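Engineer: piece number one of the complex, untouched:
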Amino acid sequence: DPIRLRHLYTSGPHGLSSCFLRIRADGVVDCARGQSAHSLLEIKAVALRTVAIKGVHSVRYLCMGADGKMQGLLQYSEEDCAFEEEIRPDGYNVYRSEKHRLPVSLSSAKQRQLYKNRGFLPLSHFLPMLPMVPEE
């Protein structure tokens, strides 16, 4: 199916923390305060509900490593960079990794303990936002 250019938005319960998934040139994955060139992602279907996410600007694939820690890799590998896209009741998406048994998330090392301490991960629900300006 068609390719999608979007900005993945998430936030904490307070709301004051607006976070757009950003893939940096140095391979780091963090939170951007608003839509930017580093947060513009290319979401491509690889299988049924499975997708690959690539930073348009950094040209790095969103990949999952140890503990579900996210990073941007220049080289794509299905097992670490392909995720099952699922819509949640809140209308946001969760991107799950089969191999790592965890959803993509911008949670910190300390926050990741909540996946088995409460059964969830902070900053793991993402709403694909269309860019505020046409682009392709």
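Structural biologist: Everything's here; your move. Residues are numbered from 1 along each chain as shown, chains lettered A, B, ... in the order given.

Engineer: measure the closest residue to residue A:25 other than its chain neighbours to residue A:36 for me?
Structural biologist: Once flanking residues are discounted, residue A:25 sits nearest to residue A:58: 4.9 Å by Cβ to Cβ, 6 or more residues apart in numbering. To be clear about C-beta, it is placed using only N, CA and C from the backbone, and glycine gets the same treatment. Going from residue A:58 to residue A:36 by Cβ to Cβ, to the nearest Å gives 12 Å.

Engineer: compare those two (neighbour count), which wins?
Structural biologist: residue A:58 (22 against 12; other Cβ atoms under 10 Å).

Engineer: what residues are up against the residue nearest to residue A:25?
Structural biologist: For residue A:58, the contact set (Cβ atoms under 8 Å, 6 or more residues apart in numbering) comprises A:23, A:24, A:25, A:27, A:38, A:72.

Engineer: does the closest residue to the fourth one other than its chain neighbours sit in a helix, a strand or a coil?
Structural biologist: Nearest in space to residue A:27, with sequence neighbours left out and distances taken as Cβ to Cβ, 6+ apart, is residue A:72 at 4.7 Å. In terms of secondary structure, residue A:72 is strand; the call rests on DSSP: H, G, I helix; E, B strand; the rest coil.

Engineer: residue A:72 and residue A:64 touch, don't they?
Structural biologist: No - using Cβ atoms under 8 Å, residue A:72 makes no contact with residue A:64, being 11.1 Å away.

Engineer: surely residue A:87 and residue A:93 touch.
Structural biologist: Yes - between residue A:87 and residue A:93 there is a contact under Cβ under 8 Å: 5.8 Å.

Engineer: quick one, which of these two is more surrounded?
Structural biologist: residue A:93 (22 against 10).

Engineer: correct me if wrong: the more buried one contacts residue A:127.
Structural biologist: Yes - the pair residue A:93 / residue A:127 is scored as a contact, 7.2 Å apart, by Cβ under 8 Å.

Engineer: run a quick neighbour tally on residue A:27.
Structural biologist: 14.

Engineer: kindly incorporate the sequence below as chain B:
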Amino acid sequence: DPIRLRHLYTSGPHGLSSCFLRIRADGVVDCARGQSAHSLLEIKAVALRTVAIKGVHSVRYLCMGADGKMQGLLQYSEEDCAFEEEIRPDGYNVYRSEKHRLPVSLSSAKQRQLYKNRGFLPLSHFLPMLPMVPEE
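Structural biologist: Following on from the chains above, chain B is added here:
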């Protein structure tokens, strides 16, 4: 690409504050009133729009530390001393640090609060000036 020898010029709104980024022998980074041997910088491309800045006279690399505070280090480290060079509408350049999420600036500790209080940093727009006398 080729190496560039320049003097980075900036100023305050009053204009009365002419500032050339100076890298001192004692590692301190401050404002020079005019072009001098301490303000002669070597700007070298490391990647696409990424550059390294070294004081010719002090032989110190322009590096960013805590709060974006600038200092001159004898030892180069990409994460703290490499910046993305971007041209602004005023024709001046802003040198951004991916790791520190801030632009190079000669702002004081008190002035740095303006980055999130207004979204900018004083003395962060720099115009690379060619030396007024040939040199290499």
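
Engineer: once more for the neighbour count of residue A:27, now including chain B?
Structural biologist: Neighbours of residue A:27 under the rule other Cβ atoms under 10 Å in any protein chain shown: 15.

Engineer: let me see the contact set for it.
Structural biologist: By Cβ atoms under 8 Å, 6 or more residues apart in numbering or on different chains, the contact set of residue A:27 is A:58, A:60, A:71, A:72, A:73, A:74.

Engineer: what does chain A have sitting close to chain B?
Structural biologist: Residues of chain A found near chain B (Cβ under 8 Å from any Cβ of the partner chain) are A:24, A:25, A:26, A:28.

Engineer: could you export those residues as TSV, including secondary structure, neighbour count and distance to residue A:111?
Structural biologist: What follows is the residues of chain A next to chain B, written out as TSV (DSSP: H, G, I helix; E, B strand; the rest coil; neighbours: other Cβ atoms under 10 Å in any protein chain shown; distance: Cβ to Cβ, whole Å):
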residue	secondary structure	neighbour count	distance to residue A:111
A:24	coil	19	20
A:25	coil	18	25
A:26	coil	15	22
A:28	strand	16	17
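
Engineer: returning to that earlier point: can I have the buried ones of the contacts of residue A:27 as a ChimeraX selection?
Structural biologist: Of the contacts of residue A:27, the buried ones go into a single ChimeraX selection, burial set by 16 or more other Cβ atoms under 10 Å in any protein chain shown:
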select /A:58,60,71,72,73
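
Engineer: I'd like the contacts of residue A:27 as TSV, with distance to residue B:78 appended.
Structural biologist: Converted to TSV, these look like this (distance: Cβ to Cβ, whole Å):
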residue	distance to residue B:78
A:58	16
A:60	17
A:71	17
A:72	16
A:73	18
A:74	16
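
Engineer: before we move on, back to that, farthest-separated two in the residues of chain A next to chain B?
Structural biologist: Using Cβ to Cβ, those span at most 8.7 Å, a distance reached by A:25 and A:28.

Engineer: who touches both of the two?
Structural biologist: By Cβ under 8 Å, 6+ apart, the residues touching both residue A:25 and residue A:28 are residue B:98.

Engineer: which positions in stretch A:12-30 come out as buried?
Structural biologist: Those would be A:19, A:20, A:21, A:22, A:23, A:24, A:25, A:28, A:29, for stretch A:12-30 by 16+ other Cβ under 10 Å.

Engineer: if anything else comes up later, I'll come back, but that's it for now.
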